[PDB]
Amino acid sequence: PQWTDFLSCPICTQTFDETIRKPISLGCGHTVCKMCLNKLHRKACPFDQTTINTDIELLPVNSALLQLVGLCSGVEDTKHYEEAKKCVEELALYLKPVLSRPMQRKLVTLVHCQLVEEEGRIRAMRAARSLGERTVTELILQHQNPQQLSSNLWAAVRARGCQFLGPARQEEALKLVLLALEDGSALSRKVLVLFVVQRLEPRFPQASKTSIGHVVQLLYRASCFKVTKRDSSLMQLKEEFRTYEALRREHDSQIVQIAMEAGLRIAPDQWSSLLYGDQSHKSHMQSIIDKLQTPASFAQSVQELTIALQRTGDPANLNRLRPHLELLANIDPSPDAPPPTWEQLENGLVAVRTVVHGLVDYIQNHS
């Protein structure tokens, strides 16, 4: 069940061959060898316990996998099917040795999709979208300067009227804010700022009233405040935010959103480093970034890419991928998504191959 060995059957442990031990992908995303399918004599898949279509009889074998070793609904739909199958096969050849590890993981996910079933087709679409999105975020990093990245981030933060004082200093300030507001007190801007300023243990570049005001502004943008006015504006900490864990979570998330609006793709380890100074929060930041991902964020990313691509001119003519990327972003990731039609499946996979090929071409010929 390890994604790394896809050329071997999970059950029989032996590598796949073209005659007897034959790769057969099921609807659940697992590929088991034919001999084992015959040998099972049980309805479902031992790994997930999902029911099946019918036997080995109606299930085709993965050719896409076998390359690395050595007519139901009518003519139109099966033309679509054959084309799609061909696409997956063409992608699989990148798995022989070029692509990055996280990319090829999603490729492997794509290969294990059985295209003669609804489940497998849905999985194929999701894997397609994931591959597209990952390609976009890998094209953005090429046009993104890693050296001055932090500088740009903090610039974006300061431009919104917010401020980050550093990993320790910010913890201090936030715990002072929390101290004042944890019981439900309603303080105005100046009162909260004055309360926090005086309690700051002196370090050298001491935050002034304005800086702390900016940190408070950051907490206000994150919607931590119940804000009221009797005709001075009073701010209260919502019941769920009166813990340091929660409040800090919202704080971090807000800064991440600032990074997104400005178009900075930043890894969770880098976030843990910037915000906390250490690596302890990597999983925390991971959860934060994942929680922040809307299905509309793919399209957003495509647009951002187009912006950066408008800056440099276009040495690689990547705009040719624009109609392909827009199609990949237009498919519902939600479980509420209807199963794809045959034309949708074909167009999706075609889009995927065009895009991935484009990515490789860019990396090799333009840098």
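We number the residues from 1 along the sequence you see.
J.: Please classify the coordinate gap between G70 and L71 in terms of deposited residues: none, 1 to 3, 4 to 9, or 10 or more.
T.: 10 or more residues lack coordinates between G70 and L71.
J.: If I compare the deposited sequence with the modelled residues, how many are absent between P97 and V98: none, 1 to 3, 4 to 9, or 10 or more?
T.: In the deposited sequence, 10 or more residues between these two have no coordinates.
J.: Quick one: higher average CA temperature factor, 152-160 or 125-133?
T.: It is 152-160.
J.: Comparing 32-40 with 58-66, which has the greater mean CA B-factor as deposited?
T.: Between 32-40 and 58-66, it is 32-40.
J.: Out of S301, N319, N330, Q310, whose C-alpha atom has the biggest B factor in the entry?
T.: Highest CA B-factor of the listed options: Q310.
J.: Report the option among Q236, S188, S283, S211 whose CA atom has the maximum B-factor in the deposited record.
T.: Spelled out: the listed residue with the top C-alpha B-factor is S283.
J.: Classify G74 as lowest, middle or highest third according to the C-alpha B-factor given in the PDB entry, relative to its own chain.
T.: Highest third.
J.: Could you look up the Cα B-factor of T354 in the entry and say which third of the chain it sits in: lowest, middle or highest?
T.: Its C-alpha B-factor belongs to the lowest third of this chain's values.
J.: In terms of the CA temperature factor given in the entry, to which third of its chain does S232 belong: lowest, middle or highest?
T.: Highest third - that is where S232 ends up once the chain's C-alpha B-factors are sorted.
J.: Using the B-factor values recorded in the entry, state whether the Cα atom of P205 falls in the lowest, middle or highest third among the modelled residues of its chain.
T.: Middle third - that is where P205 ends up once the chain's C-alpha B-factors are sorted.
J.: By the recorded C-alpha temperature factor, relative to the other modelled residues in its chain, which third is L345 in?
T.: It falls in the bottom third of the chain.
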